[PDB]
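Coordinate analysis (summary)
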Amino acid sequence: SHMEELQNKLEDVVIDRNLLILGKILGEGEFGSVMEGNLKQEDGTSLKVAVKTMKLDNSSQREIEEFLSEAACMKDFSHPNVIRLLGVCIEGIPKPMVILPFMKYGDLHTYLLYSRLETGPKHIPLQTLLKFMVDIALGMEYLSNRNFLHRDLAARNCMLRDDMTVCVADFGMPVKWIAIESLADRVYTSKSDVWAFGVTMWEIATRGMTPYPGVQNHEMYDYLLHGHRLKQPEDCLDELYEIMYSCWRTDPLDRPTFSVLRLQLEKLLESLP
Ligand SMILES: Cc1ccc(C(=O)Nc2ccc(Oc3cc4cnn(C)c4cc3-c3cn[nH]c3)c(F)c2)c(=O)n1-c1ccc(F)cc1
Ligand SMILES: [Cl-]
Ligand SMILES: [Cl-]
Ligand SMILES: [Cl-]
């Protein structure tokens, strides 16, 4: 029970409820519906937002405190490839809410899949795909430098802005993104995120394939213990494959840092005409 600590932590990002106008439902999240909205800002402008709400039921003091912890966890993230907290509404209503920026094109996984259909985005070029990987690496570099562990890094948790920038986030199958040492023990480090980053790169390069076709979830641990890894996609440059492969080295200490991955990815992207 840390409700007093949490309210003091979130004080300077509290927002007046009446500045916010809610709109339609975007979907369901951990604690309830996610609405789109408009938020009138301090300087006088307007901003299209996503508003995370809590279910109408009497959700416990623990759920409320868990909800606000997540916001407090995000509060100081300031980076263009990391989702940012716009603020919170508490003290005017029975369930509080968290205000986030609107991500026009939604989650990256669904976007990759829609790009293979005529009606959605068009065919994504190789350079744009690489740029998505770069953005994610930039975001993860920032987070791992702050000692934040993601733990569920995947294309489905990455979000696309109006200008096609990727933001790392968590919405709140998954065995297939988990590093070998994290399956084997409870161990998570930044190097476990590196592994999940490699899988996300492979998702991006395959334009949204589920990792490890023909391997079922309950077979995964054994498959990885035998040293087997994701195969090279048919259209994937050898250099790009070498980069994703380095993310799955059995010893976490041998995997590259996010800085190194990001440098390697920028170099490959800039190497293309
Ligand atoms: C640490 C932390 C705490 C809390 C969060 C969080 O609350 N994120 C979060 C994310 C998405 C959410 O949903 C949507 C938001 C938008 C915006 N635009 N559009 C169109 C949307 C549609 C939906 C939607 C929901 N259902 N269906 C669709 C949502 F409600 C909450 C978070 O991400 N992190 C974090 C974790 C790891 C990092 F690297 C960085 C930050
Ligand atoms: Cl953002
Ligand atoms: Cl597919
Ligand atoms: Cl595979």
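Residues numbered from 1 in each chain as written, not as in the entry; some residues may be left out. Chains lettered and ligands numbered in written order. Heavy atoms only, no water. Residues with missing side-chain atoms left out of burial classes, pairs and counts.

1. A closer look at the side chain of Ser59
Condition: Numbering of helices and strands runs from the N terminus, with a helix taken as a DSSP run of H or I at least four residues long and a strand as a DSSP run of E at least two residues long. Only protein chains enter the area calculation, which uses a 1.4 Å probe; residues under 20% of their type maximum are buried, those over 50% are exposed, and those in between are partly exposed.
Inspection of the secondary structure assignment puts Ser59 in the loop between β3 (46–53) and α2 (61–74). Residue class for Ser59 comes out buried when judged on its relative accessible area of 11%.

2. Considerations on the UniProt feature "active site" in the protein
Test applied: UniProt positions are given in the numbering used here, feature names are shortened, and annotations may be inferred rather than shown by experiment.
Residues annotated in UniProt with the feature "active site" correspond here to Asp152. With respect to the element layout, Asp152 can be found in the loop between α4 (126–145) and β6 (158–160).

3. Overview of the pairing of strand β1 (residues 20–29)
To keep things clear, this is the line we draw: The rule for pairing is simple: two strands pair if DSSP sees at least two bridges between them.
For β1 and strand β2 (residues 32–40), the ladder comprises 7 bridges, and the chain directions are antiparallel. Counted as the bridge partner of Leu22 is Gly37 from β2. Connecting the antiparallel pair β1 and β2 is a turn made up of 2 residues.

4. Overview of the domain arrangement of the protein
Quick reminder of the rule: Domain ranges listed in this record stem from an automatic or a database domain assignment. Throughout, a contact is declared for two residues whenever any of their heavy atoms are within 4.5 Å. Charged residues are taken to be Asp, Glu, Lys and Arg, nonpolar residues to be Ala, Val, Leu, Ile, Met, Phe, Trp, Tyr, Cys and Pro, and polar residues to be all remaining types, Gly included.
Per the domain assignment, the segments making up the protein are domain 1 (3–101) and domain 2 (106–271). For domain 1 and domain 2, the distance between their C-alpha centroids amounts to 28 Å. Every contact between the two is made by 11 residues of domain 1 and, on the other side, 16 residues of domain 2. For the side of domain 1 that touches domain 2, the class distribution of residues is 5 nonpolar, 3 polar and 3 charged.

5. Concerning the UniProt feature "binding site: ATP" in the protein
Here, UniProt's "binding site: ATP" annotation points to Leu26, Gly27, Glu28, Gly29, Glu30, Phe31, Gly32, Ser33, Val34 and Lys48. Residue contacts for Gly27: discarding those within four places in its chain leaves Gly32, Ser33 and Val34. Mapped onto the elements of the fold, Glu30 is located in the loop between β1 and β2.

6. Some words on the nonpolar core
We count it as follows: What makes a nonpolar core is a set of buried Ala, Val, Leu, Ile, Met, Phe, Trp, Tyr and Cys residues whose side-chain atoms join them at distances within 4.5 Å.
Among the nonpolar cores identified, the biggest contains 70 residues, and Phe132, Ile136, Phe197, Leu240, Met244, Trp248 and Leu265 are the most heavily contacted of them. Taken domain by domain, the makeup of this core includes at least three residues from each of domain 1 (3–101) and domain 2 (106–271). Excluding anything up to four places from it in sequence, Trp248 contacts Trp195, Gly198, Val199, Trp202, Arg229, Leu230, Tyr241 and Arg255. Grouped together as the second largest cluster of nonpolar side chains are 8 residues, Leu20, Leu39, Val49 and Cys89 included.

7. A few points about the packing of aromatic side chains
The description of two aromatic rings rests on the distance between their centres and on the angle between their planes. Quick note on the threshold: Under the pairing criterion, centres of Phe, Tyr and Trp rings, with the six-membered ring standing for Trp, must be within 6.5 Å; the plane angle then separates stacked pairs below 30 degrees from edge-to-face pairs above 60, leaving the rest tilted.
Per the counting criterion, the structure on display carries 7 aromatic pairs. With 5.4 Å between their ring centres and 85° between their planes, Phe31 and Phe67 make a pair best called edge-to-face. Here the residue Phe31 occupies a position in the loop between β1 and β2, and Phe67 occupies one in helix α2, the gap between them amounting to 36 residues. Across the pair, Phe67 and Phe31 agree in class, each one buried.

8. Quick notes on empty space enclosed by the protein
Here is the rule we go by: Think of a 1 Å grid over just the protein atoms. A cavity is a set of points where a 1.4 Å probe fits yet cannot get out, a pocket is an open set with protein on both sides within 12 Å along at least five of seven lines, and lining residues have an atom within 4 Å of a point. Grid points are joined across faces, edges and corners, and a volume is the space filled by probe spheres set on the points.
For the largest cavity, the calculated volume is near 60 Å³. Taken together, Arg151, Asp152, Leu153, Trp177, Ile178, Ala179, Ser182, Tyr188, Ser192, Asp193 and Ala196 make up the full set of residues lining the largest cavity. The element that contributes the greatest number of residues to the lining of the largest cavity is helix α6 (residues 190–205), accounting for 3 residues. Looking at the lining of the largest cavity residue by residue, the class counts come to 6 nonpolar, 2 polar and 3 charged.

9. A few points about the sheet that holds β2
The criterion, for reference: Angles shown run from 0 to 180 degrees and are taken between the N-to-C directions of axes, each axis being a line fitted to C-alpha atoms and, for helices, limited to the stretch in contact.
Across the sheet, which stays open at both edges, the 5 strands sit in the order β1-β2-β3-β5-β4 with antiparallel pairing between neighbours. Taken across any chain shown, the strands that pair with only one partner, and hence form the sheet edges, are β1 and β4 (87–89). When strand polarity is set aside, the average angle formed by the axes of neighbouring strands in this sheet is 30°. Pairing geometry for β2 and β3, over 7 bridges, is antiparallel. Directly across from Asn38, in β3, lies its bridge partner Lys48. Docked against the sheet, α2 engages β3, β4 and β5 (97–101), running at close to 35° with respect to β5.

10. Some remarks on the site of ligand 1
Keep this limit in mind: Proximity is defined per residue: if any heavy atom of the residue lies within 4 Å of a molecule or strand, that residue is considered near it. Between N or O atoms, a polar contact is any pair within 3.5 Å; within protein, one atom must be a potential hydrogen donor and the other a potential acceptor, and residues adjacent in sequence are included only when both atoms are from side chains. With residues, only the protein chains shown are counted as cover, and all accessible areas are computed by Shrake-Rupley using a 1.4 Å probe.
Surveying the vicinity of ligand 1 reveals 23 residues, the closest of which are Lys52, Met103, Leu143, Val168 and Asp170. Within the side chain of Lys52, a nitrogen or oxygen atom sits 2.7 Å from an oxygen atom of ligand 1. Note that an oxygen atom of ligand 1 is positioned 2.9 Å from one of the backbone N or O atoms of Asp170. Taking 780 Å² as the accessible area of ligand 1 by itself, protein coverage stands at 91%. Only β1, β3, α2 and β5 provide two or more residues apiece to the shell around ligand 1. In terms of residues, the shell around ligand 1 owes the most to one element, α2, which gives 3 residues. Across the shell around ligand 1, the residue classes break down as 17 nonpolar, 2 polar and 4 charged. Inspection of the shell around ligand 1 shows a minimum of three residues originating in each of domain 1 (3–101) and domain 2 (106–271).

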